[PDB]
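So this first bit is one chain, no partners, the form deposited in one PDB entry, shown in structure tokens.
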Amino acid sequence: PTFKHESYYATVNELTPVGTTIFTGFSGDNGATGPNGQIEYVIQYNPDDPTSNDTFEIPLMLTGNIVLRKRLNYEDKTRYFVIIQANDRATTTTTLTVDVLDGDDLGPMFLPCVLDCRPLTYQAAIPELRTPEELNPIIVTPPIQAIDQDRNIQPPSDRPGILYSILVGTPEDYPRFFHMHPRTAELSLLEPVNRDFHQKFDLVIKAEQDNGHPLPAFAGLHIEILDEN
């Protein structure tokens, strides 16, 4: 018997449940062969990839459909090589390469991340007794920014947006003075500040995915009110 292509390829999102049929590429005589309906397919141990035959399974020898037996993880292993035996009841093998696709199992992280990430506290300073027109937008060091820890969601159209907010802060009148744009994390002064009533603000900034699976990250934001001096 003789496989019809030199190689076969398949892709699988890591969120794919066990039980799912993940390859059907032998359908329509595309497997190994006048076809007789007597060629049966089996998965084999691969010295090069010992886990591969534990992870994939062929329930129906005649059909050759590969089903997923164990969960996958894009963040751990991204490529498998499955050896498929094809015997006639009247042997050859081929190699299926299964690539794992990145699924949405992680939320954002604030930048810069320095290894996981150390606690990040952003810095901003506000001169007292000046108008918002003079100061806006407030410069933050380093610039507030978060990215999805899922580094390779495909296509990009599937990628979630990121929403930024102020979860909490002290003193608690921060919302009088500060607004954060949900989509740009831009920070605006709303009113002038007098240092004799307000010296500093410690806020917790939140980044969440906008796709119903928030998985939020958090980061500090320390704002000093600078003395007119």
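All residue numbers refer to positions in the sequence shown, first residue = 1.
> Is there a break between residue 90 and residue 91, and how many deposited residues does it span: none, 1 to 3, 4 to 9, or 10 or more?
Replying inline: The entry leaves 4 to 9 residues without coordinates here.
>> If I compare the deposited sequence with the modelled residues, how many are absent between residue 33 and residue 34: none, 1 to 3, 4 to 9, or 10 or more?
In response: In the record, 4 to 9 residues between residue 33 and residue 34 lack coordinates.
> So 193 to 201 or 34 to 42, which one's hotter by mean CA B-factor in the entry?
Replying inline: According to the entry, 34 to 42 carries the higher average C-alpha B-factor.
> With respect to the recorded C-alpha B factors, which stretch has the higher mean value, 129 to 137 or 98 to 106?
Replying inline: According to the entry, 98 to 106 carries the higher average C-alpha B-factor.
> Going by the deposited entry, which of 182, 50, 175, 59 has the highest CA temperature factor?
Replying inline: Largest recorded C-alpha B-factor: 50.
> residue 82's Cα B-factor: lowest, middle or highest third of the chain?
Replying inline: Middle third, going by the recorded CA B-factors of the chain.
> Compared with the other modelled residues in the chain, in which third is the CA B-factor of residue 123?
Replying inline: Answer is lowest: the recorded C-alpha B-factor places it there.
>> Per the entry's values, where does residue 171 land by CA temperature factor relative to the rest of its chain, in the lowest, middle or highest third?
In response: CA B-factor rank for residue 171: lowest third.
> What third of its chain's C-alpha B-factors does residue 220 belong to: lowest, middle or highest?
Replying inline: It belongs to the lowest third of the chain when residues are ordered by C-alpha B-factor.
> Of the three thirds of its chain by CA temperature factor, lowest, middle or highest, which one includes residue 144?
Replying inline: Residue 144: CA B-factor falls in the lowest third of its chain.
Absent from the display: the form deposited in another entry. The rest refers to it.
>> Of 162, 201, 104, 82, which is at the hinge where one rigid part rotates against the other between the shown form and the other one?
In response: For the motion between the shown form and the other one, the hinge residue: 104.
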